[PDB]
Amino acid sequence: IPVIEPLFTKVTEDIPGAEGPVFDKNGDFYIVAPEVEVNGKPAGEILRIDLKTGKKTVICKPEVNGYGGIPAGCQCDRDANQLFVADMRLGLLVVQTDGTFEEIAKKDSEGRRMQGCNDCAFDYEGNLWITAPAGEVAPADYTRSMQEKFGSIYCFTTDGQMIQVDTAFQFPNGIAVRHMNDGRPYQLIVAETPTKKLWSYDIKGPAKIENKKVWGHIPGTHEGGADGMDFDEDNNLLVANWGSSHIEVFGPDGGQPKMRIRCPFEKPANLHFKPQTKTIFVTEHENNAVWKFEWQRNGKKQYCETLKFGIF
């Protein structure tokens, strides 16, 4: 498998468990610090990063009734400049740029207790696909599916329903949606970290997924595996292989990576393209920092880059 070694440029440093890199509608950059804790208790943070200086600004430090959050993944909204944040302790959160936030759900559409989330991905229809590797949200005791298969997948629909679409995963992590050239969502990719697998489903409609399949295989026997992911404009899936020192590049049909990207660190966690560019921002847990490098082409437009009233 061909490996490239692009130049990685330092963006910012010292962010415990640096995760969920994301750009909002105004081009501002955000990162979440899930592993920040106070007195042994979760006290996760959501930060804005000044790309010109690397200076960090904590805009939100979510907590619900004394229970601190563990924000781990983000997606920017289209109709409003707000962030949808997967929180390992609080479920799904909607965070405004002013730092205020709201907890989306304590229970799912079936009345079942909500599970802590890790990452999410908006499809072009506005539906949010979320991975939930943690156990029940606070106030319940914190648990995570690294050893046992109790990780679930959710779809937070346009009509405000939090629907569980699948369960029994051993730490569902990264997640992405593949669209047809005309914009129709048709495939969901879900990373299952410890098992070194990438799972796929056919998206038949909002919160409707069928034909679960082992779509891709993540290299290595190291502890870790597929973490964050995103598609480039040609629908190549770039996957952060935590603990392998590489970002795997899968072709449209999956299977084995068709290319690997060597990182100057052992633990790449998550990534995100800068709108209209080939620039990919990467967070890593060896140094707990954020970097950037140039990929071969532009990223696939995120939902926040599309237009609700666009003609084409």
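For every residue, the number given is its place in the sequence shown, counted from 1.
A.B. asks: Could you settle it for me: does 100-108 or 131-139 have the higher average Cα B factor in the PDB entry?
C.D. replies: Looking at the recorded C-alpha B-factors, 100-108 comes out higher on average.
A.B. asks: For the C-alpha atoms alone, is the average B factor greater in 189-197 or in 166-174, going by the entry?
C.D. replies: The stretch with the larger average C-alpha B-factor is 166-174.
A.B. asks: Among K213, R89, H217, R184, which carries the highest Cα B-factor?
C.D. replies: Highest C-alpha B-factor among the listed residues goes to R184.
A.B. asks: Per the entry, which of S245, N287, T279, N270 tops the list for Cα B factor?
C.D. replies: In this record, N287 carries the highest C-alpha B-factor of the candidates.
A.B. asks: What third of the chain does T53 rank in for C-alpha temperature factor, lowest, middle or highest?
C.D. replies: It belongs to the highest third of the chain when residues are ordered by C-alpha B-factor.
A.B. asks: Looking at the C-alpha B-factor of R297, is it in the lowest, middle or highest third of its chain?
C.D. replies: Tercile = middle for this residue's CA B-factor.
A.B. asks: Which third of the chain does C60 land in by C-alpha B-factor: lowest, middle or highest?
C.D. replies: Tercile = middle for this residue's CA B-factor.
A.B. asks: Within this chain, which third does the Cα B-factor at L47 fall in: lowest, middle or highest?
C.D. replies: Middle third, going by the recorded CA B-factors of the chain.
A.B. asks: Within this chain's modelled residues, let me know which third the CA B factor of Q256 belongs to: lowest, middle or highest.
C.D. replies: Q256: CA B-factor falls in the middle third of its chain.
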